[PDB]
Structure formats: C-alpha cells, structure tokens
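Remarks on the overall topology
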Amino acid sequence: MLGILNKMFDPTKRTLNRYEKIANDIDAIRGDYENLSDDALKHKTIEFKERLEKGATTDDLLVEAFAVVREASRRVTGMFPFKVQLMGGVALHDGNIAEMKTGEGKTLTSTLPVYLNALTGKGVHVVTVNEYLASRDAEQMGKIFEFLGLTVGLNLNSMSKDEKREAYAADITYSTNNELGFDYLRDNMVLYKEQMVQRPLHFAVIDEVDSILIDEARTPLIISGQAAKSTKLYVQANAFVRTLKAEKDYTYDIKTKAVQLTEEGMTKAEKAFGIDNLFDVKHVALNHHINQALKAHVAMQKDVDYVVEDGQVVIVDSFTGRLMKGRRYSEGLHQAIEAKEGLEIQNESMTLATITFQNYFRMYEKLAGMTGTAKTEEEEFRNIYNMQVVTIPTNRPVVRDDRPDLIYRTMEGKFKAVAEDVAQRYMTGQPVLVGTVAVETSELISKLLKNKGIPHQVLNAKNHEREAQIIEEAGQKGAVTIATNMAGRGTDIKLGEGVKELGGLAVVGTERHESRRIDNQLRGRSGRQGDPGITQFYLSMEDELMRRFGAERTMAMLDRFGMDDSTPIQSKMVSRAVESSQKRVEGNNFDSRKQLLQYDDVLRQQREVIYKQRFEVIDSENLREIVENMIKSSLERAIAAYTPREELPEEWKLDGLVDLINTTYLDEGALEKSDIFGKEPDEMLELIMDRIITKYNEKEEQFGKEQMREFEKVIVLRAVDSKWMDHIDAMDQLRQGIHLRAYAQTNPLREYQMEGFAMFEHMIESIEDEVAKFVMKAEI
Ligand SMILES: Nc1ncnc2c1ncn2[C@@H]1O[C@H](COP(=O)(O)OP(=O)(O)O)[C@@H](O)[C@H]1O
C-alpha cells in the first residue's frame, strides 16, 4: 500500500549530460591502451581487482574499466564501441534501463558494465529471452571477457545439476529468464544443500527487458508434475466402504482430525495391501491416503459445511449459500471428489513451485536492462523495479519514413491491400518484412502470396535457430519475410548489396498491437544505423481498436470516413483514436500483472518463511534442533488437541481425549487419572510430556544415532510433501478461477490474502501432526 504506481518520480537531462561527459572522458584516455601489448592489457583486470579490494569503488574505476573493455573489444571483435554505447554502459552500471534502438549495439554495451561489475567475483547474470540468444551472446562476447581474464558460463535447460553449478560458478553467466526462475525454485526443493546450483543473486542485466519484465510478467512460472501414486490408489483407499466397525476411528474437535485407527483395521487393511503398520518405508503415502479416505466418509460430509456437486465438488459457505469456487480441500481430500460419490476423478498435473519474474528479479541486488522500446511503461520500470529509463541518442540520425496508418473498411480489403503492396515490392526487388499478430493471420497472408506465386518465408514463433538465419537474409534483395509477432528477435536485418538504393527494408504491419511498444518494435527493424527504410501499418475498420466507430452516422459528410473498401483512408483523428484504444488496452494488462504481483506477494512472504525453515531442518545435528523442533511440533498437537476437549463451559468428559493420546502419540498406557483428574490446561504439559518425552528418550535409545535419521526423513518429507506441494497447488487453484459470483477482479486480493493465509495456518498445523504422530507411532 506504499505510494501509488504510475504517478510521478525523478528526472532526465542531468543524468544524460553526466553520461556524455563520462563517454568523452573514456575517449580521452583512448590512447592509453591503444598501443599497449596484449599482456599489459590483461593485467588491467588484476590491477582493477587489487584496487577495488584495497578500497576503491566500482564507480572509481568506471572511466578506465570501460576504456579497457573498449580497447579489448576492438582487438577481439573488431569493433571499438561508440560513445553512444559507452553511454549505454553507464545507464546499465547505474542499474537503469538503457533504451537504445534496434541496430544500436546493445550486446556490446552489455560487456562494458558486465565486466566492471564482474571484477568483485560476486558474479553477473546476462539475461536474454531464449536459449539461442544466450548461447550466441555467450559464445561471441564470451571471447572478449575471457581475453581480459574472466570466466564466462552458459546455463541451459539441458545441463546436469552439476554443469549448472559450474556455470553459476563463472564470473559471468548467460541464461534465459526462465532457467533463472527455474534454477532458483529447484534450488528450494533440495534434500542436500550442495544440490543447489545458484549463488547469491548479485546483478542481473536483462536484454529485451520489456518482453521479459512487461509482457512475460503476466504469466507466473510454474513447475508441475505429480507423483502421489495417485489415481489408482484413491480407488483402493475407497475399498473400505464396508465394515467400518474396527477402524471407524474416534470423533473430533475444531476443524478436523480422524488420524487414529483401531489395530484391527490397520492389520487387516495392511494385509489387503501387504506390509505392517507403516513406519517410514515410503509408507507415509498409504497412511495419509487411508486417513484421507477414512475421513471423506465420516469426518468430512455431504450437504452441510462440506460439498455440493455439479459434476465435481465445490466448497460452500453454509450460511451464505454461495459456492466457493477455487477452494481445494487440503492434503488430498480428492477422495471425496473421486470415489466417496460419483467417479468424478481429479489427478494429472500438480503445481510444485510458482514465482513471478517481478519478485524473482527483485531478489537481485542490482538490475539493469536493455531494449529499443521502454519509454512507454517507464512509470512502471521506476515504480516496480526502481530503474529509470534512459533514452540514448542513436549513433546515426534516423532517415526512416514511418508512414501514417492507412485505414481500409474491412479485413478482406486490408488483407488484399497487403498482398498488393508485397506484390509491388518483390517486383522492385526491395526486401519486405511483414509483421503479423497471429499465426493464423500469418498463414492467410502466405496463401495470398502463394496464389500470386511470390517466393517468401513465414516465421512461426518457435525453433529460433532456423529463423535467425532467415532473418539475416530478409535484408537481401528480393527477400520476403512474414514474422509472427516475436519472430527473429535479437538479430539485425542487414541490407544486401545495393538494397540501400532501393530504399532499404520495407516494413508492413498487418495491424497495430496491444501496445505501442510492440508497434514501434516493428518499425524498429528498418532504420538501423541510418539506412533508409519505410514502415506502414494497415488497419481495417472491421476490428478491435476500432470499436469507438461502430455506430457512427452523418449529417452532411462522407459516411464512414473510408467507404467501399476501394482505396485507403487517412486522418490523424482516427489514428489518434486508435491510440486511446491502445492505451486503454495497455491499462488492462497493467492491472492483470499488478494483481499477479499482488497474488505472488502473498506467496512470496509465505514461501520465504518455508524455504528458510526447510533449510534449517537440513542443518539439524549439533544443536539438536531436529528433536527441539520435533518437540515443539508435538507440544503443539497436544496444546491444540487439549484445549478443544476442554472448552470454557467445561474442561469435561475426557474419553476421546484419551483415545487421541493412545492412537495418535503413545501406546495403550495412554491412560492415567482416567478423566476428571483435577482439571487444567497446564496439567496437560506435564502428563503428556511425561508419556511422550520418556518414550522419545526410549525410542531414541534402542535405535538412537538413527532416530535423527528417522526424524529427518519424517519431518522434511511431510513438510515438503503434504504442506508445500499441496499448498502451492491449492494456491494456484485459488489464483485461478476464483471466479464465483459476487467478486470483482483484483478485489479478490482481499479474499485471496484471507483464504490463503487461512490455508497456510492449517497447512502448518497439518505438518505439526504428521511429525508428532509418526515419530511416536512407526516401528520396525
Ligand atoms: N561499434 C561497432 N562497430 C562495428 N559494428 C557494430 C558496432 N556496434 C554494433 N555493431 C554491429 O551491429 C549489430 C547491432 O548491435 P547489437 O549488439 O545487436 O545491438 P542491437 O540489439 O541494438 O541491434 C551487431 O550484429 C554488431 O555486429
């Protein structure tokens, strides 16, 4: 609830002039390295490392470091970065967004501050959108860093949990956004601390930062795959519809508890499966399901504070009436859904880890970013991520002709018009690139060109390697490309022999996008480095962004403002109005990603807690914190079990409270002062501590350097398994289709926080039984 996003914050043009000066300072010492030997140069890396630790700052050696990388580059790649690029680096070094246009040299610029900030040995992460663009940048700029005496590392989805660590080991590491997200999450599902692949998140430099932080924001990162030896076993758990005498366990208190089972059930239930009463021989599975299925019949019921069907189960609110869409029953009460009544089964995928890129990337101590289009959502870059967008003067003045939208009346005429324009361009031999929004519209224009027999290339948004090769050749004479929205990103389109003289790459958008950012991106592909190029969008009156005008009629003027689909139309007015629709569409998207951020935030805080607690259960032998924790978890279960079977009218009739003790914690001799034995809550501390601590001491004596072993595979499991994976899944469920009546979107923020901390309070409690019961009742 701090400030409010999109309103206003600090400046430009004190920041730029400062940079300018720096660049010119860089050029000043340009001679100090130019005739230096190769060895003397490499030595600078060391010299910098020595200076930094002795007391100097990154900022203190900027001019120079940058000057060294510049000279290096010129010697390794052939390219001596321009002042505009030098400026870029500063923009990034300040943890800002460097906005430079397509064809400007971002990757080069990234080496500059990447180097500077990699000298600490803390590491640096150079982020791109996809595998290929990493591997490439890694392989090409790899050279320049290595030359200065630094380790480059490439992180891919293929690599072993070993090779990955070894890459995060490198001074500099390259990766796709996703892996960075994944590797983090996977690190927090680990059984031994080594397995983790990541180091502390120091610095991140996203290239194409808009796609990553603005567009790909609206998806969470999900991990899924379920292995509860599920569907099959749930039917089998439900085989116990009959003779629920010997195992029809005791009743309970508060929200829920059926755990206990008389010896006669267990044994014979177990012979119906084939082992003993399970101790922690991958047994947990059967005990938890049998409890669940046993509960689904007696404990949790039908038609009052439990379930109502449709074809499946929907939690209700017995007093309000309405169906709580999106509410999963904790730790696998699918049992109700599936077999108790109607085979409405439910088990496929399972969410095991979730994160937003806005939370993930905010974990880093420093974020910097690069892209051609990022002045638009600037109020967000500085309000969500604390980065100012710097707009960087191009190296060479743009001589492109971004033409005013042409407006046809219907799809067909607009499409036909697109064909014609490509038709004319091929015949001239001028290369054409056609931006599309949808694979299906991508296909239609191709057919249009297949009837006209105009050789071309479609570009589907997938298999990036091929399309990169395609894209270089889209700047050659007679080239014809049609690029699915987000196709060929990251690659320059270099114009061919004498293509300059035909006007350069001509670009044709088949429609304006959900965001002017995307709109300008398209135009971007054309005017790089001061080559000519023309860009033009086509719009039909016949769709979205154009509804403003559905119901428009006239008194004395040309009705519809572009009639009969003969020719096109132009007016600033209509184009102006398209902007509204665009900007309004941009609004929705902001809101939907704000809400996501707001949803993950609940998870974020929830998850940092559990992550921290898990790892602590892993570093558990010298303080005997696995027993100290196991002791707390036990004392909870009691204090909770004790204080309901004793309300404020009366602490009375101890009989089920007796059962509880015996078939939850301790053997038959779970009776003492049978009932009405005085009457206290804190009498329960002594008497249950007695029968449990004495037993724990004796349980840990017969087989005791192992019980530590025993707790660990008990605690960590039940924590990991029922709690986290079931919460994570159940959460993503509520996030999803919390679309029951009487909620408004992102107000559910209110319901979500509420129902999701409720859930957590419980899941923590479920953990607390699981561990107490098992330590006490699982024997060889
Ligand atoms: N200073 C330079 N000298 C020579 N060539 C350059 C220079 N800067 C960039 N280039 C070339 O122009 C292309 C554009 O640079 P790039 O790093 O891709 O930036 P952008 O992503 O803005 O296009 C690259 O393929 C590179 O080979």
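About the criteria used
Residues numbered from 1 in each chain as written, not as in the entry; some residues may be left out. Heavy atoms only, no water. UniProt positions renumbered as here; feature names shortened; annotations may be inferred. Salt bridge = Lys/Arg side-chain N within 4 Å of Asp/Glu carboxyl O. Buried < 20%, exposed > 50% of the residue type's maximum accessible area, 1.4 Å probe, protein only. Helix = DSSP H or I, 4+ residues; strand = E, 2+ residues; numbered from the N terminus. Domains from an automatic or database assignment. Contact = heavy atoms within 4.5 Å. Buried area = accessible area lost by both parts, 1.4 Å probe. Polar contact = N/O pair within 3.5 Å; in protein donor to acceptor, adjacent residues only side chain to side chain. Nonpolar A, V, L, I, M, F, W, Y, C, P; charged D, E, K, R; others polar. Pairing = 2+ DSSP bridges. Axes fitted to C-alpha atoms, helices over the stretch in contact; angles between N-to-C directions.

Method of structure determination, per the deposited record: X-ray crystallography was used for this entry, reaching 3.20 Å resolution.

Looking at the PDB entry, the protein carries the name Preprotein translocase secA subunit, with the source organism given as Bacillus subtilis. According to the UniProt record, the Sequence similarities comment for the protein reads "Belongs to the SecA family."

Considering all chains together, one arrives at 48 salt bridges under this definition. Across the pair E341 and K340 runs a salt bridge, and its minimum N-O distance is 3.7 Å. A relative accessible area of 24% means that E341 is categorised as partly exposed. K340 sits in the partly exposed class, given a relative accessible area of 22%. Note that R425 and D421 form a salt bridge whose closest N and O atoms lie 3.4 Å from each other. You can see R425 and its partner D421 sitting in helix α16 (residues 411-428), four residues apart, about one turn around the helix. With relative accessibility at 22%, the residue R425 sits in the partly exposed group. When its relative accessible area of 13% is taken as the criterion, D421 is described as buried.

A word on the domain arrangement of the protein. Each domain of the protein was delimited in the assignment, giving domain 1 (1-227 + 350-396), domain 2 (228-349), domain 3 (397-598) and domain 4 (599-780). Computed from C-alpha coordinates alone, the two centres of domain 1 and domain 4 are separated by 44 Å. Contacts between the two partners involve 21 residues from domain 1 and, on the opposite side, 17 residues from domain 4. Both sides together, the interface formed by domain 1 and domain 4 hides about 1800 Å², and carbon and sulfur atoms give 51% of it. Scanning the region where domain 1 abuts domain 4 turns up one salt bridge. Joining domain 1 to domain 4, the criterion identifies eleven residue pairs in polar contact. Here the side of domain 1 that touches domain 4 takes five residues from strand β7 (residues 351-355), the largest share from any one element. Among the residues forming the side of domain 1 that touches domain 4, the class breakdown is 13 nonpolar, five polar and three charged.

What follows concerns unusual backbone geometry. Phi at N386 is positive, roughly 60 degrees, even though this residue is not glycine. The class for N386 is exposed, based on a relative accessible area of 54%. Even without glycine at this site, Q529 takes up a positive phi of about 65 degrees. Mapped onto the elements of the fold, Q529 is located in the loop between α19 (516-524) and β16 (534-540).

With that settled, consider the pairing of strand β2 (residues 124-128). The side chains of a regular strand alternate between both faces of the sheet. When you tally the buried positions in β2, you get five out of five residues, the bulk of the element. Burial of the side chains of β2 extends over both faces: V124, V126 and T128 are buried on one face and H125 and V127 on the other. Judged from the five bridges that link them, β2 and strand β4 (residues 172-176) form a sheet pairing that is parallel. Bridge assignment links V124 to a residue of β4, and that residue is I172.

Let us now look at the sheet that holds strand β5 (residues 203-207). Judged by pairing direction, the sheet is parallel, and its seven strands sit side by side in the order β3-β4-β2-β5-β8-β1-β9 without closing on themselves. Whereas interior strands pair on both sides, the edge strands pair on one side only; in this sheet they are β3 (152-155) and β9 (389-391). Between one strand and the next, the sheet's axes are offset by a mean angle of 20 degrees, whatever the strand orientation. Pairing of β3 with β4, which is carried by four bridges, proceeds in the parallel orientation. Directly across from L154, in β4, lies its bridge partner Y174. The strands that helix α4 (residues 83-93) touches are β1 (97-99), β5, β8 (366-371) and β9; relative to β8, the one it contacts most, it runs at about 145 degrees.

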